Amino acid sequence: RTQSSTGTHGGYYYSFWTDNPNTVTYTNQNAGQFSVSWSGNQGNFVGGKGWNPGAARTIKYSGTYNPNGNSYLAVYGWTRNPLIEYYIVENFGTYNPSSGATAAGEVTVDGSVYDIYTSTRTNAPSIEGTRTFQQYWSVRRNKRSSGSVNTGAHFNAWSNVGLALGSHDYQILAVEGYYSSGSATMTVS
């Protein structure tokens, strides 16, 4: 049992996905606001609001993020030609989502140092189907649940490590959970 929901709401692109619809509730609210509540330490989900296509934009977000276990809060998006999946992790719970990726330096932006990582996913699900694509990570050391993200500064930093970003696909502020519980209300702009 899986459920994936995308579209435009309040003037913003939204995307929600889970393999357990009964333990996660995603709620579209006005403008770029969305809420997600998950319980029972069962299921995997990713949801949030943003843009399609993304861009080198300044993403402003604010709200409340209350994970209890494996969960992360991140700007999350894709590019095409080349195929790239990227994460700007602003906060996370008991697991660093970067684990397993290769260290690739630091970048200081938006009031904190971010640790950069790169990784390759081999014959894995992607926005274009099963592909081999590159991953870029920026993990904030000073975890926060509100502020501004200069995406261009990470796009520039990543381009000095490996292949440069291609044409943008979707770009959202995502709340994620993996067999955990929590609640979150965020508003992007």
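In case it trips you up, residue 1 is the first one in the sequence shown, and so on.
Mean C-alpha B-factor is higher over 24-32 than over the other stretch, the pair under comparison being 24-32 and 136-144. Checked against the record, the higher mean CA B factor of 149-157 and 120-128 lies with 120-128. Of the candidates 67, 63, 47, 54, the PDB record gives 63 the highest C-alpha temperature factor. As recorded in the PDB entry, 94 shows the highest C-alpha B-factor of the residues 91, 94, 81, 112. In the deposited entry, the Cα temperature factor of residue 180 sits in the top third of values across the chain's modelled residues. Ranked against the other modelled residues of its chain, the C-alpha B-factor of residue 18 as given in the entry falls in the highest third. Per the PDB record, residue ranking by Cα B-factor puts residue 73 in the lowest third of the chain.
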